Amino acid sequence: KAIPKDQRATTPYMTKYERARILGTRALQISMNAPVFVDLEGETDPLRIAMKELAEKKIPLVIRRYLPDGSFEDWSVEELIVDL
Amino acid sequence: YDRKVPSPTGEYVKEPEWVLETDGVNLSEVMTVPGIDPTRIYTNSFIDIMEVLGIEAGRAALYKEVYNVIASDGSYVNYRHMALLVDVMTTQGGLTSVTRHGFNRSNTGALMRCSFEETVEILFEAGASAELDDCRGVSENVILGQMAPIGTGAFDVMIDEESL
Amino acid sequence: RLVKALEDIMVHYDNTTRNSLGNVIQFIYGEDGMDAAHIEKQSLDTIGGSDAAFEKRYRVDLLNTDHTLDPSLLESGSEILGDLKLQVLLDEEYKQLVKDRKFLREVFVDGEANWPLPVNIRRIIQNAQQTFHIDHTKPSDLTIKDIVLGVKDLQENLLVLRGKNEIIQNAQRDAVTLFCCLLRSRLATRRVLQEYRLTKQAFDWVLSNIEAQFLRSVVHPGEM
Amino acid sequence: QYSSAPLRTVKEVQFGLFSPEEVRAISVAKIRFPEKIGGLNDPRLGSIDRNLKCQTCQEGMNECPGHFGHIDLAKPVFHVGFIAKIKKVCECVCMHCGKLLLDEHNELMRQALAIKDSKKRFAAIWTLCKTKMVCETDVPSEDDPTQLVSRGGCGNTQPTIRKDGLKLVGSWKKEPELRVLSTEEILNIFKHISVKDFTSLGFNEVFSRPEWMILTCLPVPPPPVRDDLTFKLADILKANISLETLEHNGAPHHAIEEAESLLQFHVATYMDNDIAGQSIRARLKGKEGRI
Amino acid sequence: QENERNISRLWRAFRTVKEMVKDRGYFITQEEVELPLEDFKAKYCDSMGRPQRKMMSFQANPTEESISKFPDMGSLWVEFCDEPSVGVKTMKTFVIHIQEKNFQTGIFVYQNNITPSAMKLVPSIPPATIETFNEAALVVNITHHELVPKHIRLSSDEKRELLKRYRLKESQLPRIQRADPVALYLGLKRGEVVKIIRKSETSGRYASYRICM
Amino acid sequence: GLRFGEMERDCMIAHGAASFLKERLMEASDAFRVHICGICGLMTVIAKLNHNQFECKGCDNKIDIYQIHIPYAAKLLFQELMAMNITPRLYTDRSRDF
Ligand SMILES: [Zn+2]
Ligand SMILES: [Zn+2]
Ligand SMILES: [Zn+2]
């Protein structure tokens, strides 16, 4: 049922599951010749590339976190802090 | 038994005490005998504890028992795990057994692994009972070709129209 | 039989542990929101030893030529003697250490001091003491306000829950209670200065590290 | 192809029972002729012959998700799967006015009524009512057993029901009397049970009314499913039709009864092969047993 | 002989009730709670050595502190009876007394048991509820026990906040039976919620909740 | 051995590896595309794709509708349930009318 960009009580940090699903989702696109958003300083491996995009905060994706009751928060891969 | 107790100076010292170990249980009645410390009385029959002292005490005693069984082989297991077990067995106000209780459930869906060569009967009741499948299991979501709302699938991913 | 009974319990984004129906099993996982793989047995010092030992270790009385911080442990050591305003700060800390000891002696009636907790503080310090090549000869450039207020602020940053209401804020203070007891006993002023000998730089590093490791120790929603 | 219909994933599944009304409200054909004909395999249902025609929903034998058929039963028949259920409800409700045999006036009943498990509560209420053999009029209060409390005004005696194959038989008394309980009496008694009463049982006033355990309108599975089933449907049709041809031209009582128990034998065996003689349940025995 | 020690039990039990009533939020002097044996003997016995239960009964009033959260908390009427076995005639007298003098709660402390007849006499004067206890199950205050954490009754107000911030249906909360020794101790009623604060080897304290079934 | 049994699945759940679990347990059955009413969760939608027309008589529906991909073995098992007079409502929403 959505929650305003303010009032999100969920973690500002990205969960290890989100990192894995985003990296896997992005890697799949890269593996199907989908446009890339960074400078492949040699990388030719999709996942390895996707990992580079993440580090460079250039993955235009949004994670919709659901709460047990149905409501939900929306964070952008951009926002999410990546420390694991 | 040796008992670690604070000494008047502050450091823990051992204070051996006499204790009684019985064969047979009757908590409600012995607890009331004069001369004892009704505050420390115990019993490995967590069932009796839960009936005399209540579910919360029943829960603690149940943790202390599961715990002793694992510590008997010297094995160590972080609290949260046994704590979680003991809470599930306790959530409904009473001591709910783990070793398969119901012939149809324990927390599933009329969709997960069709149990019995007569799953039809599990469905028949679900129908007549207006059962509502949450679809959080791995099986029910496999039948549906979707990925379970667990771990890596406990959220949805979407395209972001913000990125410049 | 065990798997079957628990298989559907998961941690949700509200740090709650629930089952397929959405029923609450634990209001916070493990009663501390911590991930088991990030917890280490650590010694809760404040709990053992005589009282004489407790006071000798933690008591800092600026108003007493004897139970003060020797001007050698600290740079501002001689000009802090008799300082009333600071002494009020040092008494908030000591009374807090004394409650902690009482409190702990209730939770572990046994007297046992080593319990698995997140963030190995003793290690973070040993790093600091090697990273900043801290020589145990020269006095420290730490202020009493630096330590007492610093360590007081750190606690407000060790988050497990974020909800802005009163209910969740209390849940949060509870979840971090035992850990903070360990914290305050490791970063007690006399300890920092006379035992660790941290500099204002090493110390500030130790703090932000604990905050990092701590948050890195919280369980992630989605955990089966 | 393409459908403006937004794509999504199933999040929940609400199980329930198909009332005779909805079975009509959603079907396409009325299905008469037990033998393309407007009776079976076309009156709207999924098509064959590589023909796109299939209710304007065109498409083909590979995009077309079979459409459902309709088919009225001369008489109501028990659904094989709920006979055990239908029996127990009868042992809880009065078989005359449809009122639960024990109210909130009985302390042991209050405890049972509190259970939240539609399965365990049903079990508890049943174990308590199958005892009562009279739809009580007055009952002792919470005060003096000297004072009585009134309730559902119907003192009639309750029957001890037993099961004989696909029929339920009851024995009354105040030497007993034995009269088989027709599907029409049960169907009507159920429809006389209150929302509070069947809900206290494991029923849902929206998705699963007791009355629906009794089949009136049977759903005809589209081509993609049924072929043998179509045969079994054919005979169900036959038996249903020969039964109506015993009313339009009147007929003896035992004759209209042999035909009812004939249809009953098919509507039953159609869904489950496990009765007096020798299905969908079966189809699953390799679709439930193969999945 | 017996009587002597038999007196102590009734006395201990008497204590538990004071402690129990006090824990419910009724004004009671920690002083009376600690009424020494020998005084109890004098302050309540007749000249023979036997205890006169009739004399022990008493009324109890909410505390300013208590009515600030639970305004509808009337007063109590604890009651002890000389009749070892209580019959409908004896109970009616009681069920009437509490009702008459308009008491919101009556606790009946019987000795060996009551007539299954009189037992049904209980629910009969709504909303005022009546509660029963067997002295035996009062001779020791279970709440004083090691494994028994602090149970605190929540006001319907604290309850709404609870259900709201965790965003739960009442059914998703951990449960506690109506007949759970502690619920019986606190006088819990179906629907009420208790906050349980327990020590934890993990965190310092951890509060959980259980709603009465 | 060499199988992927209940115990293996439990380990993968513990790892939170859901997409691997989906990839591994799923069968061959063609991902079929069905249409559904948002009111009743049934496969009683008549789709005139070319004409953009969706109808679900019994409900008066043309706007409140969705599309889902499910193994054909599912479409069947469900229709079979409908044949046995049972209603397997499929809903895209988790938060009921509560
Ligand atoms: Zn079609
Ligand atoms: Zn009747
Ligand atoms: Zn519809």
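Numbering of chain F is taken from Swiss-Prot, so the residues present carry the numbers 1127-1224, in order.
Determined via X-ray crystallography, 2.8 Å.
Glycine is no exception: its Cβ is also placed from the backbone N, Cα and C atoms.
These features come from Swiss-Prot:
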type	residues	note
ZN_FING	F:1163-1185	zinc finger
BINDING	F:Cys1163, F:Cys1166, F:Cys1182, F:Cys1185	Zn(2+) binding site
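DSSP classifies F:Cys1185 (Zn(2+) binding site) as coil under the three-state reduction. For F:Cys1182 (Zn(2+) binding site), the count of additional Cβ atoms within 10 Å of its Cβ stands at 24 [all protein chains shown]. For F:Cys1163 (Zn(2+) binding site), the same-chain residues lying six or more positions away in sequence with a CB closer than 8 A to its CB are F:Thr1170, F:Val1171, F:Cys1182, F:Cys1185, F:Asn1187, F:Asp1190, F:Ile1191.
Residue with the densest Cβ environment among the binding-site residues F:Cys1166, F:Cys1185: F:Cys1166, by other Cβ atoms within 10 Å. For the recorded site, F:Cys1166 (Zn(2+) binding site), the DSSP three-state label reads coil.
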